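Colleague: Chains as they are written, first to last, in the deposited numbering: chain A, 152 to 202; chain B, 3 to 51; chain C, 3 to 51.
Every residue gets a Cβ at the ideal spot worked out from N, C-alpha and C, and that includes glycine.
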Amino acid sequence: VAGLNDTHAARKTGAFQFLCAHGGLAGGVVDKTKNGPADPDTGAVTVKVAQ
Amino acid sequence: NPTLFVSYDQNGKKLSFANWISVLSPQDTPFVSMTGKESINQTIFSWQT
Amino acid sequence: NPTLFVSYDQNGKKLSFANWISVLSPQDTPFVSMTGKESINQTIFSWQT
Numbered sequence: 152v153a154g155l156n157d158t159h160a161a162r163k164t165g166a167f168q169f170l171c172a173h174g175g176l177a178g179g180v181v182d183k184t185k186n187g188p189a190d191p192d193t194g195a196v197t198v199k200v201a202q
Numbered sequence: 003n004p005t006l007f008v009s010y011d012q013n014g015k016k017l018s019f020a021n022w023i024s025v026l027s028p029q030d031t032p033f034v035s036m037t038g039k040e041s042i043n044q045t046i047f048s049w050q051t
Numbered sequence: 003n004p005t006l007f008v009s010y011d012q013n014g015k016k017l018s019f020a021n022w023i024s025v026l027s028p029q030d031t032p033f034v035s036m037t038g039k040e041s042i043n044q045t046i047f048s049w050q051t
């Protein structure tokens, strides 16, 4: 699984959104609602559709 | 011995780790840290008004 | 030999050129230039929160 020197996506880096929430990782943060599944312990719900 | 320079050429990496922990939610309380505490050895304290 | 002082008296002019280029639209990004970058040699990084 180590060969294929050419058949490989170049690279990618975790950006601001992936570091902040990375809600679903759908090839670009899709901002429909993604408020938060449960966040039981604390808050940190800094993702909203801006109603 | 540089042979592949893909995954296993340089083993013993740092795993993309840094020596600093990030608490995403602010949980500091500067109030008490500002208000300095004073020591009392005995237990017969008394103050005046 | 000053003879005409119109067009060809002083040849070898600077063509009204200056040594400074003017980018009419602002295209600078002080954000990254302010946020300093740090070097990492290994690839086993780790940070703490």
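Given 8 Å as the limit, is there contact between the stretch 170-179 of chain A and the stretch 16-23 of chain B, that is, 3 or more CB pairs closer than that?
Modeller: Contact between the stretch 170-179 of chain A and the stretch 16-23 of chain B is absent, because fewer than three Cβ pairs lie under 8 Å.
Colleague: Between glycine 194 (chain A) and chain B, is the shortest Cβ-Cβ distance under 9 Å, so that the two count as touching?
Modeller: Judged by the 9 Å Cβ criterion, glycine 194 (chain A) is in contact with chain B.
Colleague: Can you pull out the residues from the stretch 19-34 of chain B whose beta carbon lies closer than 8 Å to at least one beta carbon of chain A?
Modeller: Hits within the stretch, in order: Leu26, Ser27.
Colleague: Looking at chain B, is there any beta carbon in it that lies within less than 9 Å of the beta carbon of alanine 153 (chain A)?
Modeller: For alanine 153 (chain A), the answer is yes, since a Cβ of chain B falls inside 9 Å of its Cβ.
Colleague: Are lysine 39 (chain B) and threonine 45 (chain C) touching if we call contact CB-CB under 9 Å?
Modeller: No; because the gap between Cβ atoms is not below 9 Å, this pair is not in contact.
Colleague: Can the beta-carbon of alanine 195 (chain A) be found less than 9 Å from the beta-carbon of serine 27 (chain B)?
Modeller: Yes, the Cβ-Cβ distance between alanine 195 (chain A) and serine 27 (chain B) is below 9 Å.
Colleague: Tell me, please, whether the CB atom of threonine 45 (chain C) is closer than 9 Å to any CB atom in chain B?
Modeller: Yes, because at least one Cβ of chain B sits closer than 9 Å to the Cβ of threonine 45 (chain C).
Colleague: Please confirm if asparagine 156 (chain A) has its CB atom under 9 Å from at least one CB of chain B.
Modeller: At least one chain B Cβ lies under 9 Å of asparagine 156 (chain A).
Colleague: Taking 9 Å as the CB-CB cut-off, is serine 41 (chain C) touching chain B?
Modeller: Chain B contact via Cβ: absent.
Colleague: For a test of the three-state rule: what should DSSP assign to residue 114 (chain A), helix, strand or coil?
Modeller: Residue 114 (chain A) falls outside the range modelled here, since chain A spans only 152 to 202, and no answer is possible.
Colleague: Can you pull the chain C neighbours of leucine 17 (chain B), defined as C-beta to C-beta under 8 Å?
Modeller: Simply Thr45, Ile46, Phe47, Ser48.
Colleague: Does the distance from the CB of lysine 185 (chain A) to the CB of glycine 174 (chain A) come in under 9 Å?
Modeller: Yes. Within cutoff.
Colleague: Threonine 158 (chain A) to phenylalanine 47 (chain C), Cα distance in whole Å?
Modeller: In a straight line, the C-alpha of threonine 158 (chain A) is about 27 Å away from that of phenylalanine 47 (chain C).
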